[PDB]
Amino acid sequence: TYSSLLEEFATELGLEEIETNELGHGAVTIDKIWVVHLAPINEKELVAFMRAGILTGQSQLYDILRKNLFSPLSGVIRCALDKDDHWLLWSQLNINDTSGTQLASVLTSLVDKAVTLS
Amino acid sequence: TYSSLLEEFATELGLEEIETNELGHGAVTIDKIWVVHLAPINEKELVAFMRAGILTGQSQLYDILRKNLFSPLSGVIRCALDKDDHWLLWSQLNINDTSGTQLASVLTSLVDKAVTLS
Amino acid sequence: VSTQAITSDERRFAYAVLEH
Amino acid sequence: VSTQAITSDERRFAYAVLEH
């Protein structure tokens, strides 16, 4: 099903078929600027993630930390910093619970949050 | 099972039986200083969480953000800030996947991380 | 884990984080 | 979501975040 999930995400988005390596890691490019990495991470779950560029200056820190609470809902977007101090955003999702169209939805959220930090 | 989970956490810890309200919210006190709140949050999952007190001064911010990455593993501890700028830490766990002794384990981790921030 | 069962002004601080 | 399929120096930045 991780591969059936990518089979369907590719459909709800007419794209050739997402090439994965041996760790099922794949990537998609968005508005030509954003690379979203997709990867199974456990037996039950995948990660979608991406690089978004530098920390404003400071104190978007508090604002993310103030929103880094738990949620009843899937697809929440989380932010970390890079070794080299770029925002990294990601979401982790139950692979069986997640339709191809939920995934596209997470990615849009991913790319919204980056636009806003960047 | 959320109630069977608390039934077993109470055992692996000889405690009377954890009183919950109508939202199954319960609490435990630890080393006499730490209150750990337990609550079902979804149909599949619970949250364990707690207050830990004030932000050093600054820049433990970056350090948490640098560690706010995704993980293959359950029971990871996450940190937010309070309205009133206290650390809040929490972990969210699949209620069916989680033994009473995994839970005690999360709580110890919860309380370790607070001691270290506080 | 070392200690045991109770609460106070958090069925306040709790009750709330539980939506915030 | 608006665009489509590829990658470059991230089978590096990726390959790595995938353990870090």
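Determination of this PDB entry was carried out by X-ray crystallography to a resolution of 2.38 Å, according to the record.

Caption draft 1: Fine view of the relation of the copies chain A and chain B. Rotating chain A by 180° about the axis while translating it 0.0 Å along that axis superimposes it on chain B, leaving an RMSD of 0.0 Å. The superposition operator between the copies reduces to a two-fold rotation axis. Using C-alpha coordinates, one finds that chain A approaches the rotation axis most closely at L61 of chain A, a distance of 3.2 Å.

Caption draft 2: How the structure looks around the packing of helix α1 (residues 2-9) of chain B against helix α3 (residues 100-117) of chain B. Residue and element names in this part refer to chain B. Between α1 and α3, whose axes approach to 8 Å, the crossing angle comes to 75°. The orientation of α1 with respect to α3, classified from their angle, is roughly perpendicular. Residues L5, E8 and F9 of α1 touch α3, and the partners they reach there are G100, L103, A104 and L107. Residue composition of the contact of α1 with α3, by class: 5 nonpolar, 1 polar and 1 charged.

Caption draft 3: View of the pairing of strand β2 (residues 34-40) of chain B. Residues and elements named next belong to chain B. Inspection of the sheet shows strand β1 (residues 26-30) paired to β2 by 5 bridges, in the antiparallel sense. If you follow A27 over to β2, its bridge partner there is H37. In this antiparallel pair of consecutive strands, β1 and β2, the connection spans 3 residues, and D31 shows a positive phi of 40°. Sheet topology note: the β2/strand β3 (residues 45-54) ladder contains 4 bridges and is antiparallel. Looking across to β3, one finds that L38 is bridged to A48. The turn linking β2 back onto β3 is made up of 4 residues.

Caption draft 4: Looking closely at the interface of chain A and chain B. Between chain A and chain B, the residue contacts involve 28 residues of the former and 28 residues of the latter. Breaking the side of chain A that touches chain B down by element, the ones donating at least two residues are β3 (45-54), α2 (60-66), β4 (78-81) and β5 (86-94) of chain A. The element best represented in the side of chain A that touches chain B is α2 of chain A, accounting for 5 residues. Here the side of chain A that touches chain B is composed, by residue class, of 18 nonpolar, 5 polar and 5 charged.

Caption draft 5: Unusual backbone geometry, seen in detail. Located in the positive-phi region is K32 of chain A, a residue other than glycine, with phi close to 65°. Position of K32 of chain A relative to the elements: it lies in the loop between β1 (26-30) and β2 (34-40). Positive phi, normally seen in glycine, also occurs at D31 of chain B, with a value near 40°. Mapped onto the elements of the fold, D31 of chain B is located in the loop between β1 and β2.

Caption draft 6: Fine view of the packing of aromatic side chains. On the basis of an interplanar angle of 40° and a centroid distance of 5.3 Å, the ring pair of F70 of chain A and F49 of chain B is categorised as tilted. Linking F70 of chain A in the loop between α2 and β4 with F49 of chain B in strand β3, this pair reaches from one chain into another. When the ring of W90 of chain A is compared with that of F70 of chain B, the centres are 5.7 Å apart and the planes differ by 75°; the resulting orientation is edge-to-face. Taken as a pair, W90 of chain A in strand β5 and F70 of chain B in the loop between α2 (60-66) and β4 (78-81) lie in two separate chains rather than in one. The rings of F49 and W90 of chain A together with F70 of chain B are connected pair by pair, giving a single aromatic cluster.

Caption draft 7: Representation of the sheet that holds β2 of chain B. Residue and element names in this part refer to chain B. Read across the sheet, 5 strands follow the order β1-β2-β3-β5-β4 without closing on themselves; strand pairing throughout is antiparallel. Across the chains shown, the open sheet's two edge strands, defined by having one partner strand only, are β1 and β4. Across this sheet, the average inter-strand angle for adjacent strands is 25°, counted without regard to direction. The pairing of β3 with strand β5 (residues 86-94) spans 9 bridges and is classified as antiparallel. If you follow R51 over to β5, its bridge partner there is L88. The sheet strands contacting α1 are β1, β2 and β3, and the helix crosses β2 at an angle near 150°. Across the sheet, α3 touches β1, β2, β3, β4 and β5, and the angle it forms with β5 is around 160°.

Caption draft 8: How the structure looks around the sheet that holds β5 of chain A. All names here are of chain A. Strands sit in the order β1-β2-β3-β5-β4 across an open sheet of 5 strands; the sheet is antiparallel. Each of the sheet's edge strands pairs with one partner strand only, and the pair in question is β1 and β4. Adjacent strand axes in the sheet meet at a mean angle of 25°, parallel and antiparallel pairs treated alike. Helix α1 (residues 2-9) rests against β1, β2 and β3 of the sheet, and its axis sits at about 150° to β2. On the sheet, helix α3 (residues 100-117) packs against β1, β2, β3, β4 and β5 and is oriented at approximately 160° with respect to β5.

The rules we used
- Residue labels used throughout are counted from 1 along each chain in written sequence order rather than taken from the entry, whose numbering may differ, and residues without coordinates are not included.
- To label them, take the chains in the order written and letter them from A, then take the ligands in the order written and number them from 1.
- Side-chain metrics rest on all non-hydrogen atoms present in the structure, leaving aside hydrogens and water.
- Residues with missing side-chain atoms are left out of burial classes, side-chain pairs and their counts.
- Between copies, superposition follows a least-squares criterion applied to the C-alpha atoms.
- Orientation is described by axes fitted as lines to C-alpha atoms, over the contacting stretch for helices, and by angles from 0 to 180 degrees between their N-to-C directions.
- Strands here are runs of E lasting at least two residues and helices are runs of H or I lasting at least four, both read from the DSSP assignment and numbered beginning at the N terminus.
- Each angle receives one of four descriptions, namely roughly parallel if under 35 degrees, roughly antiparallel if over 145, roughly perpendicular if within 65 to 115, and oblique otherwise.
- We call two residues contacting when some pair of their heavy atoms lies within 4.5 Å.
- Amino acids outside the nonpolar list (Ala, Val, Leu, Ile, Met, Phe, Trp, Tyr, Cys, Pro) and the charged list (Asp, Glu, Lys, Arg) are all regarded as polar, and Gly is one of them.
- Two strands qualify as a pair provided that DSSP identifies no fewer than 2 bridges between them.
- Paired rings are identified among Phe, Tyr and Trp, the last through its six-membered ring, by centres lying within 6.5 Å, and are further divided according to the angle between planes into stacked (under 30 degrees), edge-to-face (over 60) and tilted (the rest).

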